[PDB]
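> Protein chains in written order, with the entry's author numbering: chain B, 40 to 69, 79 to 336; chain A, 40 to 68, 78 to 110, 112 to 336. Backbone N, C-alpha and C define an ideal beta-carbon position, used for all residues, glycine too.
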Amino acid sequence: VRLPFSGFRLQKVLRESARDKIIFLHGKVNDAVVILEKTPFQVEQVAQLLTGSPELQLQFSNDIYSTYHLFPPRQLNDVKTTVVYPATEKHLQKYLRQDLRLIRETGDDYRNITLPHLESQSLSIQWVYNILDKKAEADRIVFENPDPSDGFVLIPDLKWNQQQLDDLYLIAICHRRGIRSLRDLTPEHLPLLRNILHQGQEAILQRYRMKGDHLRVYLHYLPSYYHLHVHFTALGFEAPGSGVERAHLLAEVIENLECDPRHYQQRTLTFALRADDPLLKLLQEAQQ
Amino acid sequence: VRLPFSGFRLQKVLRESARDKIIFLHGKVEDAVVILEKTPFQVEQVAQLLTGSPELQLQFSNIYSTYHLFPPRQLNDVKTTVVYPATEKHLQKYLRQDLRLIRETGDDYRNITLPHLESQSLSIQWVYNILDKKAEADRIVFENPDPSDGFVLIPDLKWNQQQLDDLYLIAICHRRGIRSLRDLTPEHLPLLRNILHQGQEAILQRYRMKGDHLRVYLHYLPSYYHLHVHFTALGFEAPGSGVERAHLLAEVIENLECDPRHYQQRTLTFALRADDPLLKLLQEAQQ
Ligand SMILES: C[n+]1cn([C@@H]2O[C@H](COP(=O)(O)OP(=O)(O)O)[C@@H](O)[C@H]2O)c2nc(N)[nH]c(=O)c21
Ligand SMILES: C[n+]1cn([C@@H]2O[C@H](COP(=O)(O)O)[C@@H](O)[C@H]2O)c2nc(N)[nH]c(=O)c21
Numbered sequence: 040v041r042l043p044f045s046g047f048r049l050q051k052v053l054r055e056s057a058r059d060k061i062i063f064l065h066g067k068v069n079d080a081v082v083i084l085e086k087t088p089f090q091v092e093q094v095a096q097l098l099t100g101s102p103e104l105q106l107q108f109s110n111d112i113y114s115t116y117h118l119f120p121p122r123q124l125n126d127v128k129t130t131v132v133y134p135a136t137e138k139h140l141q142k143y144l145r146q147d148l149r150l151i152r153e154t155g156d157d158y159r160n161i162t163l164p165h166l167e168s169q170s171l172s173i174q175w176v177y178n179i180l181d182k183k184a185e186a187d188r189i190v191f192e193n194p195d196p197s198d199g200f201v202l203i204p205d206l207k208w209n210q211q212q213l214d215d216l217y218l219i220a221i222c223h224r225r226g227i228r229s230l231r232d233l234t235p236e237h238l239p240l241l242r243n244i245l246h247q248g249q250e251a252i253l254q255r256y257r258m259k260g261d262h263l264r265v266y267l268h269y270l271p272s273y274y275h276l277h278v279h280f281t282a283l284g285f286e287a288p289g290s291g292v293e294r295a296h297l298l299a300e301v302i303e304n305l306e307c308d309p310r311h312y313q314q315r316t317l318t319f320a321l322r323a324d325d326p327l328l329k330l331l332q333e334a335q336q
Numbered sequence: 040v041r042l043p044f045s046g047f048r049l050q051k052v053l054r055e056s057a058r059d060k061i062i063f064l065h066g067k068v078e079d080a081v082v083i084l085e086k087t088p089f090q091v092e093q094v095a096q097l098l099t100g101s102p103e104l105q106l107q108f109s110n112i113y114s115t116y117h118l119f120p121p122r123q124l125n126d127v128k129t130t131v132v133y134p135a136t137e138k139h140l141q142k143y144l145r146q147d148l149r150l151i152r153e154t155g156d157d158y159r160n161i162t163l164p165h166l167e168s169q170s171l172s173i174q175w176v177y178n179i180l181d182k183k184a185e186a187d188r189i190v191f192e193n194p195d196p197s198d199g200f201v202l203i204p205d206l207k208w209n210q211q212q213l214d215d216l217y218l219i220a221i222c223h224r225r226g227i228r229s230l231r232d233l234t235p236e237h238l239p240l241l242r243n244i245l246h247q248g249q250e251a252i253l254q255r256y257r258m259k260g261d262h263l264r265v266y267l268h269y270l271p272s273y274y275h276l277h278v279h280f281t282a283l284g285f286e287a288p289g290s291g292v293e294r295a296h297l298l299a300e301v302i303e304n305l306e307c308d309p310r311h312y313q314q315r316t317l318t319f320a321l322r323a324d325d326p327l328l329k330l331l332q333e334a335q336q
């Protein structure tokens, strides 16, 4: 009934998520990670509490709505506490997560700052080509249009174990090379984009029995690697990644191109960067 | 204080989630919805608890060890929201349902969605209360009182105001009759900009949070049909901030600048519940 160490000095919040009601703490002892997570409610305990006189403090009241701070008895307050002692530097590194900042990249900013900065790094996407010519992961191919210009390869995301449909996640990687991102799309890629959208959906209906209206289909701007690929996710599955600051629906990307051929070269795209990403600093410096 | 009703007979669990530790309850008291949500942690006060004497209880063990922790009163705050009297619309709104996506064309909005929308929607009495100062007046963060281009920025109902990690404010325009994104024309640009700029700058004044820490957007299919803009901490993955729901204000403004008839002509994408009559009406029109 005690911690495996004496005393706890907070050195750094490695990561928090108010959505999941969780925190990851790094504290020195006497190196150790503590993790605190609020628990699910039990229906009967809450219902029992609400027939009575719960300890409440009013936050506000408007018409039929009202909110409060409730301070319930012991039974509902359980915090799942996961300690990690000792902690190597590799444990502290895998929990660390950087604050994100928003950036609004005009078309000119892309050509002058982002693109040059990207060309100065040499992101190897050799792994992608190995999938495309089946040197790697051929067993995982769900569907393929083999057309070198307008085709693609559909594969399940590495983390989706495939044992349920709640969290269905696939990605489509285009066969054609040199499409770095959203920024390179023009009406020329419309047939490719249409193939991914409608053949991708038809593929998933066949393999997994999931209708098209159960699919969020999108690209990421700022993607993690620079060779066009599209995400197909179950709609019921909510993660960061389908957020508006990063996800662009393929269907809408296609319609933008049909209405406005130069949309993705001329228009301003909004995305988030880690606060320590040199690109963030370079875009800021150029915008003031 | 006390709840605005007495008793509570659980009729049904509308929605229950282990992921984000929240429960939505339909009770008789006359209907009421009572929402209970576990709260984010306060950093300086967890560090205090751990260094003193925690109340622990071993469960699993190995370097991985697991416990049940029962903290003192301060860390146990549960965000409690009551709708009372709840209407039939409230009961369906919060009920766990299978969601389907729909791509609503400009014509689908005029012939199907809007006429359905004009039949009925949730009362907007709370919005009129904020604007007329009969409720929540002492929580106003910034008001531009211009009838047409003005708004009131106020803490969202969802936010318990205890930490910044889940900062959440809404800007509600003073001008009536702007039901949603689909009514926005270039004449609304000065308003939308006022919300973007004056809204962000007010957040900078009050909370010291820069605008690049902020996600600022509208919901399409909003639950309440009187234009209002959401302001959340970027680091907060807020429900309703997914691409199938949220439209960045700065992007809406620029859409309007490039193409004046954008939100009347273009196809929007949103999710509807399976028990939503709108979904069936739209699906019949598209088959
Ligand atoms: C009844 N009511 C609803 N809200 C908020 O206003 C927003 C309405 O936003 P919406 O875009 O119409 O969709 P949503 O209900 O699924 O989020 C919500 O985020 C609520 O948290 C409210 N916010 C305040 N401050 N006061 C209220 O009385 C009130
Ligand atoms: C090296 N690699 C990266 N990815 C995907 O690309 C994204 C970025 O990966 P990183 O964590 O290496 O930046 C992830 O979502 C992965 O799903 C990869 N996906 C597959 N299927 N196979 C690979 O070997 C591979």
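1. Please check if any C-beta of chain B sits within less than 9 Å of the C-beta of A:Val40.
2. Would you say A:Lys128 faces chain B, with C-beta separation under 9 Å as the test?
3. Starting from A:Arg48, follow its DSSP beta bridges and name the residues at the other end.
4. So A:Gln174 contacts chain B; which residues on that side make the cut at Cβ distance below 8 Å?
5. Rounded to a whole number of angstroms, what is the C-alpha to C-alpha distance between A:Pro235 and A:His311?
6. Taking CB distances under 9 Å as the criterion, tell me whether A:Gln313 reaches chain B.
7. Please list the residues of the region 90-106 of chain B that have a C-beta atom closer than 7 Å to any C-beta atom in chain A, keeping them in chain order.
8. Got a sec: does ligand 2 put a non-hydrogen atom nearer than 8 Å to the Cβ of B:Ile203?
9. Three or more beta-carbon pairs under 8 Å between the region 220-236 of chain B and the region 187-206 of chain B, yes or no?
10. Going by other Cβ atoms of all chains shown within 10 Å of its Cβ, with 16 needed for buried, is A:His246 buried or exposed?
11. Please compile the residues from chain B whose C-beta is within a distance smaller than 9 Å of the C-beta of A:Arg242.
12. What would DSSP say about A:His237, mapped onto helix, strand or coil?
13. Whole angstroms is fine: what's the gap from A:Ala186's alpha carbon to A:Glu153's?
14. What residues in its chain sit with their C-beta under 7 Å from that of B:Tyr116, if we drop five residues either side in the sequence?
15. Closer than 8 Å, Cβ to Cβ, to anything on chain A: give me those residues from the region 140-161 of chain B, in chain order.
16. Under the assumption that A:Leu267 contacts A:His237 (Cβ atoms under 8 Å), give the Cβ distance between them as a whole number of angstroms.
17. What would DSSP say about B:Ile161, mapped onto helix, strand or coil?
18. Assign A:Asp181 to buried or exposed, taking buried as 16 or more other Cβ atoms, counted over all protein chains shown, within 10 Å of its Cβ.
19. Any idea what DSSP makes of B:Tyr143, helix, strand or coil?
20. Looking at the structure shown, is B:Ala220 part of a helix, part of a strand, or coil, going by DSSP?
21. Where does B:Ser170 sit, in a helix, a strand or coil, going by DSSP?
22. If we count the other Cβ atoms within 10 Å of its Cβ and call it buried at 16 or more, is A:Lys51 buried or exposed?
23. Residues of the region 265-283 of chain A with a CB closer than 7 Å to any CB of chain B: list them in chain order, please.
24. Using the beta-carbon count (16 or more within 10 Å), is B:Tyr158 buried or exposed?
25. What I want to know is whether the C-beta of B:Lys86 ends up closer than 8 Å to one or more non-hydrogen atoms of ligand 2.
26. Could you check if B:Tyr273 belongs to the surroundings of ligand 1, using beta carbon to heavy atom distance under 8 Å?
27. Can B:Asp111 be considered in contact with ligand 1, in the sense that its beta carbon sits closer than 8 Å to one or more heavy atoms?
28. From this set, A:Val94, A:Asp325 and A:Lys67, which residue's C-alpha is nearest A:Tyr133's C-alpha?
29. Is B:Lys183 near ligand 2, with its Cβ less than 8 Å from a heavy atom?
30. Between the C-alpha atoms of B:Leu213 and B:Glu286, what's the straight-line distance to the nearest angstrom?
31. Out of curiosity, what's the CA-to-CA distance linking B:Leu240 and A:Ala334?
32. Does DSSP put A:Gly260 in a helix, in a strand, or in coil?
33. Could you tell me whether the Cβ atoms of B:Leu124 and B:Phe89 are closer together than 9 Å?
34. Could you tell me if B:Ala320 is buried or exposed, where buried requires 16 or more neighbouring beta carbons within 10 angstroms of its beta carbon?
35. For chain A, find out if any of its Cβ atoms is closer than 9 Å to the Cβ of B:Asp205; answer yes or no.
36. By the DSSP assignment, the beta strand (DSSP E) with B:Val127 in it spans what residues?
With the structure as the only source:
1. Residue 40 of chain A sits at position 1 when you count from the first residue of the second sequence. Nearest CB-CB separation between A:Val40 and chain B: below the 9 Å threshold.
2. For this step, residue 128 of chain A is matched to residue 79 along the second sequence. Closer than 9 Å to some Cβ of chain B, the Cβ of A:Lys128 qualifies, so yes.
3. The residue labelled residue 48 of chain A in the question sits at position 9 within the second sequence. Bridge partners of A:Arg48: A:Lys67.
4. Within the second sequence, residue 174 of chain A is the residue found at index 125, counting from 1. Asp111 and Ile112, listed in chain order.
5. Translated into the one-based positions of the second sequence, residue 235 of chain A becomes position 186. Translated into the one-based positions of the second sequence, residue 311 of chain A becomes position 262. Roughly 10 Å separates the two Cα atoms.
6. Looking up residue 313 of chain A in the second sequence gives position 264. No, A:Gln313 lies away from the interface with chain B (no Cβ there is under 9 Å from its Cβ).
7. Within the region 90-106 of chain B, those residues whose Cβ lies closer than 7 Å to any Cβ of chain A are, in chain order, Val91, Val94, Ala95, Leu98, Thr99, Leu104, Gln105 and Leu106.
8. For the purposes of this step, residue 203 of chain B is taken as residue 155 along the first sequence, with counting starting at 1. Yes - ligand 2 has a heavy atom lying nearer than 8 Å to the Cβ of B:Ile203.
9. yes
10. What you label residue 246 of chain A is simply residue 197 of the second sequence in a count that begins at 1. That one is exposed.
11. Walking along the second sequence from the start, residue 242 of chain A turns up at place 193. Neighbours of A:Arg242 on chain B: none; closest Cβ ~14 Å, over 9 Å.
12. Here the question's residue 237 of chain A lines up with position 188 in the second sequence. In this structure, A:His237 counts as helix in the three-state DSSP scheme.
13. For the purposes of this step, residue 186 of chain A is identified with residue 137 of the second sequence, where counting begins at 1. For the purposes of this step, residue 153 of chain A is identified with residue 104 of the second sequence, where counting begins at 1. Cα to Cα, A:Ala186 sits roughly 37 Å from A:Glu153.
14. As a working note, residue 116 of chain B is residue 68 in the first sequence. For B:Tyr116, where only same-chain residues beyond five positions count, the Cβ hits under 7 Å are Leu104, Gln105, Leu106 and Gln107.
15. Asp147, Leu148, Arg149, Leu150, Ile151 and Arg152
16. In the second sequence, residue 267 of chain A corresponds to position 218, counting from 1. In the second sequence, residue 237 of chain A corresponds to position 188, counting from 1. In fact, because the Cβ distance is near 12 Å, the residues do not count as touching under 8 Å.
17. Start at 1 with the first residue of the first sequence, and residue 161 of chain B comes out as number 113. In this structure, B:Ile161 counts as helix in the three-state DSSP scheme.
18. What you label residue 181 of chain A is simply residue 132 of the second sequence in a count that begins at 1. So A:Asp181 ends up on the exposed side.
19. Translated into positions along the first sequence, residue 143 of chain B becomes position 95. Helix, per DSSP.
20. Locating residue 220 of chain B in the first sequence gives position 172, where the first residue counts as 1. Three-state DSSP puts B:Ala220 in a strand.
21. Along the first sequence, one-based indexing puts residue 170 of chain B at 122. In the structure shown, B:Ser170 sits in coil (DSSP, three-state: anything other than H, G, I, E or B).
22. On the second sequence, position 12 is the one that residue 51 of chain A refers to. So A:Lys51 counts as exposed.
23. Taking 7 Å as the Cβ-Cβ cut-off, the region 265-283 of chain A approaches chain B at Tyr266 and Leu283, given in chain order.
24. Looking up residue 158 of chain B in the first sequence gives position 110. Answer is buried; the Cβ neighbour count reaches 16.
25. By 1-based counting over the first sequence, the position of residue 86 of chain B is 38. B:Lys86 has its CB no nearer than 8 Å to any heavy atom of ligand 2.
26. Along the first sequence, read from residue 1 onward, the residue named residue 273 of chain B stands at position 225. Not so, every heavy atom of ligand 1 lies at least 8 Å from the Cβ.
27. Here residue 111 of chain B corresponds to residue number 63 of the first sequence, with the count starting at 1. The answer is yes for B:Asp111.
28. On the second sequence, residue 133 of chain A is found 84 positions in, with the first residue counted as 1. Cα-wise, what sits closest to A:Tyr133 is A:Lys67.
29. Translated into positions along the first sequence, residue 183 of chain B becomes position 135. Every heavy atom of ligand 2 is 8 Å or more from the Cβ of B:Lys183, so no.
30. Position 165 of the first sequence, counting from 1, holds the residue named residue 213 of chain B. Position 238 of the first sequence, counting from 1, holds the residue named residue 286 of chain B. C-alpha separation (whole angstroms): 13 Å.
31. For the purposes of this step, residue 240 of chain B is taken as residue 192 along the first sequence, with counting starting at 1. For the purposes of this step, residue 334 of chain A is taken as residue 285 along the second sequence, with counting starting at 1. Cα-Cα distance, rounded: 28 Å.
32. Numbered from 1 along the second sequence, position 211 holds the residue referred to as residue 260 of chain A. Here A:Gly260 sits in helix by DSSP.
33. Position 76 of the first sequence holds residue 124 of chain B. Position 41 of the first sequence holds residue 89 of chain B. Yes, they are a contact pair.
34. Locating residue 320 of chain B in the first sequence gives position 272, where the first residue counts as 1. With 16 or more other Cβ atoms within 10 Å, it is buried.
35. Reading the first sequence from its first residue, position 157 is the one you call residue 205 of chain B. It does not: the Cβ of B:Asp205 has no partner Cβ on chain A nearer than 9 Å.
36. As a position in the first sequence, residue 127 of chain B is number 79, starting the count at 1. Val127 to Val132 is the extent of the beta strand (DSSP E) around B:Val127.
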